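What follows is a set of notes on a single structure, which appears directly below.
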Amino acid sequence: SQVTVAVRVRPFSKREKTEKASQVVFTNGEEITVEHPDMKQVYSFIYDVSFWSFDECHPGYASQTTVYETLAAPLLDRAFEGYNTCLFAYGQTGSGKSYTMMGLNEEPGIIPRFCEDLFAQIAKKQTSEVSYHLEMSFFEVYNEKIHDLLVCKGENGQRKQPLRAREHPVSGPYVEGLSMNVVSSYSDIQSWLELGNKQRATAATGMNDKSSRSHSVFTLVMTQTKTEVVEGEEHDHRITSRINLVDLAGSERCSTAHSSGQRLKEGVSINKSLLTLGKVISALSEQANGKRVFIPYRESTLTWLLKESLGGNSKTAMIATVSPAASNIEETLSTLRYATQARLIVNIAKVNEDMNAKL
Amino acid sequence: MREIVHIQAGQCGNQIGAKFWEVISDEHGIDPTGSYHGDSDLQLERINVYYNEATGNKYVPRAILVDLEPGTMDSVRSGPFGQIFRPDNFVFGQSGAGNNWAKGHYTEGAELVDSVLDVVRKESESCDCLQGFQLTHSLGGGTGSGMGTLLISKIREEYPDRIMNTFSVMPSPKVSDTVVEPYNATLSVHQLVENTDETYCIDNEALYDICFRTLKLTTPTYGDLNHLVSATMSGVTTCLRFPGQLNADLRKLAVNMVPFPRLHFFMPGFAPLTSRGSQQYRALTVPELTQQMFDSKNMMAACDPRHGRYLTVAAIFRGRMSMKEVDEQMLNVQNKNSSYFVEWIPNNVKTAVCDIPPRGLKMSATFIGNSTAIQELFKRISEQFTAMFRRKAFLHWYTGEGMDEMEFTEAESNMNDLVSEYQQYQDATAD
Amino acid sequence: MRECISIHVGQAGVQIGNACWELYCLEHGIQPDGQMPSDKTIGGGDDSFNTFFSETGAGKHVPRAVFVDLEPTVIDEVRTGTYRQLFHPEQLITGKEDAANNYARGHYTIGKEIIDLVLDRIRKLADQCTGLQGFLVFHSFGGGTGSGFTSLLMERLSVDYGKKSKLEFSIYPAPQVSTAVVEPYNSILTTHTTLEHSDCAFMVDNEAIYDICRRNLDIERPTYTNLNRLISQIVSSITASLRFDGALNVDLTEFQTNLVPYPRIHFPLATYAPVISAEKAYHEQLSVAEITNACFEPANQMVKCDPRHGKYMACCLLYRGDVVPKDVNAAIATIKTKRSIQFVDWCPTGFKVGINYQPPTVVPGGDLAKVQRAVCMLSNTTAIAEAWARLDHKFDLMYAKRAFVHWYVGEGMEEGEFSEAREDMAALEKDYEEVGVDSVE
Ligand SMILES: CC(=O)O[C@H]1C(=O)[C@@]2(C)[C@H]([C@H](OC(=O)c3ccccc3)[C@]3(O)C[C@H](OC(=O)[C@H](O)[C@@H](NC(=O)c4ccccc4)c4ccccc4)C(C)=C1C3(C)C)[C@]1(OC(C)=O)CO[C@@H]1C[C@@H]2O
Ligand SMILES: Nc1nc2c(ncn2[C@@H]2O[C@H](COP(=O)(O)OP(=O)(O)OP(=O)(O)O)[C@@H](O)[C@H]2O)c(=O)[nH]1
Ligand SMILES: Nc1nc2c(ncn2[C@@H]2O[C@H](COP(=O)(O)OP(=O)(O)O)[C@@H](O)[C@H]2O)c(=O)[nH]1
Ligand SMILES: [Mg+2]
């Protein structure tokens, strides 16, 4: 495949410049290295892509708009060609994933560029011969239960109404009673997302406030309606396309972080989901390289949502944020270790004894 | 200290209880009066694994019955050990199902679940600690699947860490003692695979082959088969109850046998078993047992292992022994038939030992195995299904009480996917 | 004067104690209950030696030990069996839950609610110990509590007490045999947690003693106890220096020094040469030369580790009985003359020695037979690395296919811990692969 997991880095901060957190990550460009103040042991990690965004003037700079144009063309291509596409994000507090996905009002992130270029190509191609009808949904996962984020809550406690996941034989996984809305301006989805992020839950762990205890899924359906018949007005088909984005938590060592009660349950569920996702992605690259093999789809709930949006003619990717703080090193290392199994070379052997090239 | 609960539904579960508690009472030394008549000072040291206390130094099981039709529970009350149970724990109703799943999951099971919890919580909170829950049920019946599956769903929604074991029954290939075994058992297998740590899939016909060919009994009844299922359920927990040179529990078995969470459909076995007038010509030694176990004539599925492979096994021994012999035999077995076992797992077995065997034996062993021969049980089930759903044969019954075709399709999809997971590993799997 | 706290953990630890204390009581001539009828025969002195056993004004004694298993099926024997009224009633047996043959329960969910009590009792034992609290942990890999709980306890004691002698007579899996299927995952992380905090950690393998059971003492149907007694005689062959008078006495502070060149390579092996039967106790001299020859042979080693594939970083010895240091020197020089052995250039000395006059003592109806002298050996080699190098090939497949995993994180563990541990072990292999080269420049 071309799943093409990629990595980015946070230039430190002015606050971190006050403390002068010693640089740990060295970069040669294409490869990535790392050190440790013991200064004996060493690691070295490879990836398809490297966004060395720390330095401002170094060659091969990693710009936000450059991050967009790196991965945006396959999205619009694989969509307008009719197929579906997802995007996974991974990282934690200190890596500033929000800075990457959403950016700021002035500093444009990823989502806004995507939706705005989408609207651009929409209004550009909006002939009389075509209609583009796009709709939205936003939900979260919590202790392995689904909850709708978009719901305007009623007068009640916060019994976040648990929907369920069911299966059509035709298109497969979906949810009953999943609320949807419509998109005709970037500002509308901005407001929807701004409110949806509010109900997604965090908690003041030993680290800080906004350590999410849930996985946040964003889904867009696009309806492409161009089909027109020579005999008369008959739309013989209306193409559907699924675009997906998701933001996830870290990995949350409960060993050092001795937090008990209900936070442990949340962390355990999150870790199980992350495990299943890594296994799924391993099976993906194993399957698009010449070996038919099962997929452990049905283990989690999230993955059970995506068995069509992450298989067959579905080209997706993962992005990994980090920060080179000395007080983050383990977490930093852990992040990279979650992803590298998607490497193309995992020591595949060679065998060939078929010999009937005759006639 | 550790404690265990038992649930029963349908005719099979009640009738299996009437033999299992009738066996455990003689193992720990209890009588139909709920009273003690044993000899040691040991059988009463860990009896609290199952049983509660009393007033006149009697003892009581923490057993529960579910069944909707009283026409079976009465057979207990007019039974040998049918007046020890707390009569409140004989939860029942009326209006039997009709061998229907929908009438036991949706209409009345969904009605009666609260009344059953009214006893379940009472017995569960009395325990100082907890280890897990049991079930003893079957598929092809009514209440024995629907009400019990609903129970398991709710209970796991409550207790995400405690264990739930279901020593169930699955139907046979050749004879179908009930017509619509496939639909009911399929719905159960859907609502079980995600809501269970381990289930001990057991089949009728292997027991028949045993009682006809091996023990050379002439004419057995269902009692004489539940008399083996009970010993199967009993040698498992002997580690937990009685001491040993290497202890165990339910957790170590379920964890050292369920690598992947869905892949938890097991295959049992028992050793020693011989004809009444033929155990003169043998020896009660580990080699005889390990040779008699892995053969395809002591399991309980009638499902060909040599047609497949084993992911892992577990063997819980009972007696004065020498663990060196166990280890050497196990290494020899892994060495000889090594193709039958897996490449991508280096060692494929653990052990568990007790120094206290049953009342009349010197050496025993219970076998557990996570295999792939459970395939054909399920390919066959799905085939008998898709031969019926292809034309909506018996469907309108299950729908008229408020189902849809969508659920049936979901169950089929999940079964086929688990089947393909099992088929992932059956081939050579080399380089 | 000088004492040694002894903790035993897991069923392995508890059974090993059930052997070891039954040895120690017979050595000093001590009843089960705690009195000294041997002293009633003698009538005075320090013979009820305070290195292990504390004493009271009423006359009763008690060892300075504890044990914990998290499985009350085991020790409730010891609360009721023959040796019941000896030990301190504080044995922490909060075995509400078992350790599931997993390292997550032993170190985080079931690793709590006890460890505070354990350290509290270690304090309540130490403040009357008027010498070193040289710690002994008799734990095991594979087994549940003795991995995780031990990893927690030793790392905590490193912060509490620190500059002391902490030893682990751990138990290692045989490369083929097991009573488990996830034994490596429960064996590898305790190495990552011991490599910084424990000072020295001896090792054994059950398969090696199982092979001993038939070649030498002519038995083929052993229990576990018949190995626990070998372990007990090993520990006696160590402790008998501090315990009784001797010619060349050795303290536990010596073993940590003369066999730990580098901090991380502190994983030696152990042997006991005369393992011979009452019949075969006759028919032969048991002179010192042949004994010390058996103290380097491959068979009688307590581990499947062929040292001829590696080299010797160091070797220590502890002798017993009627012994002559000139005979010892002759044996040592005889052993240094062989081309079948390759000591490294940076350990030309090789040998440390220590002697105690009092030989071992027979135990009724057991296996071994009374003799006039005995020997124990310890050794830090470079061949054991291969055994560790086996586990990576017994690890990596499973962690690659991600088998037997989800039952860990269900109790709070992260997966990255594996990899961050894995390469650590890999680095350790390099150290055992690095020093074994006779450097020139
Ligand atoms: C002289 C002698 O050998 O007595 C045996 C006996 O004859 C045989 C046939 C027993 C007997 O079992 C059978 O032959 C049998 C009959 C019908 C259906 C299935 C089996 C026995 O019932 C089995 C029983 O041993 C037991 O299994 C335990 O007592 C058993 N408890 C009960 O079954 C029980 C049932 C109702 C009321 C009270 C006790 C048990 C087994 C495992 C775990 C816990 C308990 C004993 C001594 C015998 C008889 C009685 C003939 C054997 O039983 C087993 C599997 O252990 C069959 O082979 C063994 C040993 C003997 O060969
Ligand atoms: N050499 C030796 N090894 C032993 C002995 N007893 C137990 N073991 C090993 O210890 C392992 C299990 O130890 P435990 O931790 O006590 O297992 P457990 O009794 O279930 O206790 P937990 O695992 O902590 O729950 C087994 O696999 C054995 O290989 C012994 O007496 N001698
Ligand atoms: N193996 C076994 N199966 C039984 C026994 N009693 C009943 N059954 C099973 O029960 C099924 C019949 O359905 P049943 O459970 O009686 O329906 P219900 O009780 O009304 O829910 C059959 O498949 C039988 O195999 C028994 O003693 N042994
Ligand atoms: Mg245990």
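Letters A, B, ... mark the chains of the structure tokens in the order given; residue numbers begin at 1 per chain; ligand numbers begin at 1, in order shown.
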- [ ] Could you list, as an MDAnalysis selection string, the residues of chain C having an atom within 6 Å of chain B when counting only C-alpha atoms?
- [x] chainID C and resid 73 96 100 179:181 221:223 403:404
Open item on the list: Around ligand 3, which protein and nucleic acid residues have at least one atom no more than 7 Å from it, if we count only C-alpha atoms and all ligand atoms? List them as an MDAnalysis selection string.
Closed with: chainID B and resid 9:12 15:16 67 96:99 138:145 169 171 177:178 204 222:223 225:226
If you keep N, CA and C atoms, can you produce a file of those selected residues as a short mmCIF file (atom, residue, chain, number, x, y, z; two decimals), in the first residue's frame?
```
data_model
loop_
_atom_site.label_atom_id
_atom_site.label_comp_id
_atom_site.auth_asym_id
_atom_site.auth_seq_id
_atom_site.Cartn_x
_atom_site.Cartn_y
_atom_site.Cartn_z
N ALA B 9 -30.19 -22.93 33.67
CA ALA B 9 -31.42 -22.63 32.96
C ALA B 9 -31.79 -23.83 32.10
N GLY B 10 -33.01 -23.82 31.59
CA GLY B 10 -33.48 -24.88 30.74
C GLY B 10 -33.52 -26.22 31.43
N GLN B 11 -33.89 -27.26 30.69
CA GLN B 11 -33.98 -28.59 31.27
C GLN B 11 -32.59 -29.16 31.53
N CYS B 12 -31.68 -28.96 30.57
CA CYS B 12 -30.34 -29.52 30.68
C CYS B 12 -29.60 -28.98 31.90
N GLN B 15 -30.98 -30.47 35.11
CA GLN B 15 -30.67 -31.89 35.22
C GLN B 15 -29.19 -32.13 35.42
N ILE B 16 -28.34 -31.22 34.95
CA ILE B 16 -26.91 -31.35 35.19
C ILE B 16 -26.58 -30.95 36.61
N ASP B 67 -35.20 -21.77 35.11
CA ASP B 67 -36.12 -22.26 34.08
C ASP B 67 -37.54 -21.74 34.25
N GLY B 96 -43.93 -21.57 29.23
CA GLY B 96 -42.75 -22.07 28.55
C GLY B 96 -42.55 -21.51 27.16
N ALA B 97 -41.34 -21.64 26.63
CA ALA B 97 -40.98 -20.93 25.41
C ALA B 97 -41.58 -21.60 24.19
N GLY B 98 -41.19 -22.85 23.94
CA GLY B 98 -41.54 -23.55 22.72
C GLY B 98 -40.31 -23.82 21.88
N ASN B 99 -39.18 -24.03 22.55
CA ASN B 99 -37.88 -24.15 21.91
C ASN B 99 -37.55 -22.93 21.05
N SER B 138 -27.49 -25.22 27.59
CA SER B 138 -27.45 -25.86 26.28
C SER B 138 -28.11 -24.96 25.26
N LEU B 139 -27.94 -25.33 24.00
CA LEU B 139 -28.48 -24.61 22.86
C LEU B 139 -29.33 -25.56 22.03
N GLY B 140 -30.39 -25.01 21.45
CA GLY B 140 -31.44 -25.78 20.81
C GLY B 140 -32.68 -25.77 21.67
N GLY B 141 -32.50 -25.61 22.97
CA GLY B 141 -33.60 -25.35 23.87
C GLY B 141 -34.07 -23.92 23.75
N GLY B 142 -34.75 -23.45 24.79
CA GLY B 142 -35.30 -22.12 24.89
C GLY B 142 -34.57 -21.33 25.95
N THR B 143 -35.14 -21.30 27.15
CA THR B 143 -34.58 -20.63 28.32
C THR B 143 -33.11 -20.97 28.54
N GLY B 144 -32.71 -22.19 28.17
CA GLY B 144 -31.33 -22.58 28.32
C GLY B 144 -30.36 -21.79 27.47
N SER B 145 -30.86 -21.02 26.50
CA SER B 145 -30.03 -20.14 25.69
C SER B 145 -30.38 -18.68 25.89
N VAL B 169 -23.54 -26.42 25.95
CA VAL B 169 -23.66 -27.54 25.04
C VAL B 169 -23.96 -26.98 23.66
N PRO B 171 -24.93 -28.33 19.48
CA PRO B 171 -25.61 -29.48 18.89
C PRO B 171 -24.68 -30.35 18.07
N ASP B 177 -31.34 -33.46 17.83
CA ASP B 177 -32.38 -33.79 18.80
C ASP B 177 -33.45 -32.71 18.88
N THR B 178 -33.15 -31.51 18.36
CA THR B 178 -34.14 -30.46 18.17
C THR B 178 -33.97 -29.90 16.77
N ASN B 204 -22.91 -33.71 22.36
CA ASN B 204 -23.49 -34.98 22.78
C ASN B 204 -22.68 -36.16 22.30
N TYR B 222 -29.15 -40.06 30.08
CA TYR B 222 -28.54 -38.74 30.15
C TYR B 222 -27.80 -38.53 31.47
N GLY B 223 -28.28 -39.16 32.54
CA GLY B 223 -27.61 -39.04 33.82
C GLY B 223 -26.17 -39.52 33.76
N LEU B 225 -24.21 -39.39 31.38
CA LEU B 225 -23.37 -38.50 30.59
C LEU B 225 -23.09 -37.22 31.36
N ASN B 226 -24.11 -36.71 32.03
CA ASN B 226 -23.88 -35.57 32.90
C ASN B 226 -22.96 -35.95 34.05
#
```
Please find the residues of chain B near chain A - the criterion being any atom within 10 Å, counting only C-alpha atoms - and write them as a PDB file with C-alpha atoms, in the first residue's frame.
```
ATOM      1  CA  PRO B 160     -15.981  -6.197  33.629  1.00  0.00           C
ATOM      2  CA  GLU B 194     -17.887 -10.993  22.913  1.00  0.00           C
ATOM      3  CA  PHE B 260      -6.902 -13.554  21.475  1.00  0.00           C
ATOM      4  CA  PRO B 261     -10.119 -12.539  23.237  1.00  0.00           C
ATOM      5  CA  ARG B 262     -12.585 -13.987  20.754  1.00  0.00           C
ATOM      6  CA  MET B 406     -30.920  -7.917  10.330  1.00  0.00           C
ATOM      7  CA  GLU B 407     -30.013  -9.591  13.620  1.00  0.00           C
ATOM      8  CA  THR B 409     -27.582 -11.594   9.271  1.00  0.00           C
ATOM      9  CA  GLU B 410     -25.353 -10.079  11.961  1.00  0.00           C
ATOM     10  CA  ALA B 411     -25.106 -13.416  13.745  1.00  0.00           C
ATOM     11  CA  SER B 413     -21.495 -12.568   9.721  1.00  0.00           C
ATOM     12  CA  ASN B 414     -19.912 -12.836  13.161  1.00  0.00           C
ATOM     13  CA  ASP B 417     -15.678 -14.192  10.682  1.00  0.00           C
ATOM     14  CA  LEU B 418     -14.743 -16.247  13.736  1.00  0.00           C
ATOM     15  CA  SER B 420     -12.145 -17.489   9.146  1.00  0.00           C
ATOM     16  CA  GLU B 421     -10.060 -16.403  12.138  1.00  0.00           C
ATOM     17  CA  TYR B 422      -9.746 -20.062  13.068  1.00  0.00           C
ATOM     18  CA  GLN B 423      -8.942 -20.970   9.451  1.00  0.00           C
ATOM     19  CA  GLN B 424      -6.141 -18.399   9.443  1.00  0.00           C
ATOM     20  CA  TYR B 425      -3.832 -20.865  11.199  1.00  0.00           C
ATOM     21  CA  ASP B 431       7.800 -18.696   5.803  1.00  0.00           C
TER      22      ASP B 431
END
```
TODO: Compute the set of protein, DNA and RNA residues whose minimum atom distance to ligand 1 is at most 10 Å, using only C-alpha atoms and all ligand atoms, and state it as a PyMOL selection string.
DONE: chain B and resi 19-31+207+210-211+215-217+220-236+238+270-280+318+357-366
- [ ] Name all residues at most 9 Å from residue 238 (chain C) (count only C-alpha atoms; drop same-chain ones fewer than 2 positions away) and give them as JSON, numbers by chain.
- [x] {"C": [233, 234, 235, 236, 240, 241, 242, 250, 252, 318, 376]}
- [ ] Kindly compile the residues surrounding ligand 4 within 7 Å, counting only C-alpha atoms and all ligand atoms, and format them as a ChimeraX atom specification.
- [x] /B:247-248 /C:10-11,69-71,98-100,143-144
